[PDB]
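Just one chain is shown here, as structure tokens, and it is the form deposited in one PDB entry.
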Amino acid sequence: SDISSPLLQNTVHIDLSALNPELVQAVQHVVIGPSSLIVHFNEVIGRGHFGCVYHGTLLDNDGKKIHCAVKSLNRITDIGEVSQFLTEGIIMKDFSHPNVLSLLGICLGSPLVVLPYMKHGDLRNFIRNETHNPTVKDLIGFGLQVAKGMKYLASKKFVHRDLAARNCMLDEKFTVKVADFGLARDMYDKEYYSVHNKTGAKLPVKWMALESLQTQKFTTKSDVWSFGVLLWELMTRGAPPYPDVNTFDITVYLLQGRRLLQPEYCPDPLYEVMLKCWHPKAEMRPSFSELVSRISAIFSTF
């Protein structure tokens, strides 16, 4: 009734006055009460170009304290670009898959992206840790899990656009979740991104398909490309792709027909899968449901 004590569902109207009405109801379904979440600003567990990520404490229908990471959007200053960002990714609320990063809620100067806590961090930093010992079968299992969640996202006609081993997280059961999409989309390691200078688009050149560099029209076939590079990172346990090829001549490398070489510890049937995902004709690349068929057969056998 008042300016000072409005109901929670109305605080979407108040603190997000630049939002679509369609989107007002969308983020009205996913509001988090401030008295139900404590944000630890004492330590940052993640930094992105829109803001930092903090450890949080979400309180549910019972007092149960579920750990979380809470993504801050403080650095995006324009309260109309914020509204655009919520327009891009609120569709995450409809997604539910064991291999996909879910969204717990949006709290409320910018809003707060409340996401499940990932005990083991991102997929790349895990496979690169000296003190970690994943076998060959393990890393293929990781590439199996991302293929499933990708197959789920592909079924929603959803183009993630930035599939890479730095953008998939690991919970405490080592379930891989595709992340870095929607409200979680950001640049969590700036080194690999080119900002286009007409479109503001952010480009992960080492992971983008060849048609994506020529046109900037991302598709479901272009994530298949990014998935085989993801296979490549796993088999090299997180090595940078194309260390002898800087971003500029990357197109010259791929227009010649040259791809990433077979790693020392990648089975030939798995490296053959990589080459099919990098086919110059996008419509002839394997689907994510065909990928899950091939990788499972490779993951079981030796």
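What we label the rigid core is the largest C-alpha set whose atoms superpose within 1.5 Å from one form to the other. Numbers for residues come from their place in the sequence shown, where the first is 1.
- request: May I ask whether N197 is missing from the deposited models in at least a third of the other compared entries?
  value: Other entries vs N197: at least a third skip it.
message: Between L108 and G109, how many residues of the deposited sequence have no coordinates in this entry: none, 1 to 3, 4 to 9, or 10 or more?
response: 1 to 3 residues are missing.
message: If you average the CA temperature factors as listed in the entry, which stretch comes out higher, 170-178 or 206-214?
response: The deposited B-factors put 206-214 ahead on the C-alpha mean.
145-153 or 94-102, whichever carries the higher mean Cα B-factor: Comparing averages over the C-alpha atoms only gives 94-102.
- prompt: Say you rank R259, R47, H29, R237 by Cα B-factor from the PDB entry; which sits at the top?
  reply: Reading the PDB entry, the winner on C-alpha B-factor is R47.
field: Given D122, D162, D138, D78, the residue at which the Cα B factor reaches its maximum
entry: The C-alpha B-factor peaks, among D122, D162, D138, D78, at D78.
field: Position of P269 among the chain's modelled residues by C-alpha B-factor, lowest, middle or highest third
entry: Its C-alpha B-factor, which the entry lists for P269, ranks in the highest third among residues of this chain.
- request: Within this chain's modelled residues, let me know which third the CA B factor of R128 belongs to: lowest, middle or highest.
  value: Middle third, going by the recorded CA B-factors of the chain.
query: Hey, what third does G33 fall into on Cα B-factor, ranked over its chain?
result: Lowest third.
query: Compared with the other modelled residues in the chain, in which third is the CA B-factor of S289?
result: According to the entry, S289 has a C-alpha B-factor in the chain's middle third.
query: Going by what the PDB entry lists, where does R185 fall on CA B-factor within its chain: lowest, middle or highest third?
result: Lowest third of the chain for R185's C-alpha B-factor.
Below: the form deposited in another entry, not depicted.
Mobile residue between this form and the one not shown, C-alpha criterion 2 Å or more, rigid core, from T215, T135, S96, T77: Result of the superposition: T77 is the only one at 2 Å or more.
task: Look at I32 and decide if its Cα position differs by 2 Å or more between this form and the one not shown after superposing on the rigid core.
output: Superposed on the core, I32 moves its C-alpha less than 2 Å between this form and the one not shown.
field: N20 C-alpha moves between this form and the one not shown by 2 Å or more, core aligned
entry: Yes, the C-alpha moves 2 Å or more.
- request: Using a superposition on the rigid core, decide whether the Cα position of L86 changes by 2 angstroms or more between this form and the one not shown.
  value: For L86, whose C-alpha is compared between this form and the one not shown after core superposition, the shift is 2 Å or more.
- prompt: How does the C-alpha distance between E88 and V31 change in the other form compared with the present structure, closer or farther, given a change of 3 angstroms or more?
  reply: Nearer in the other form, by 3 Å or more.
- prompt: Any idea whether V31 and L86 get closer or farther by CA distance in the other form, knowing it moves 3 angstroms or more?
  reply: Relative to this form, closer in the other form.
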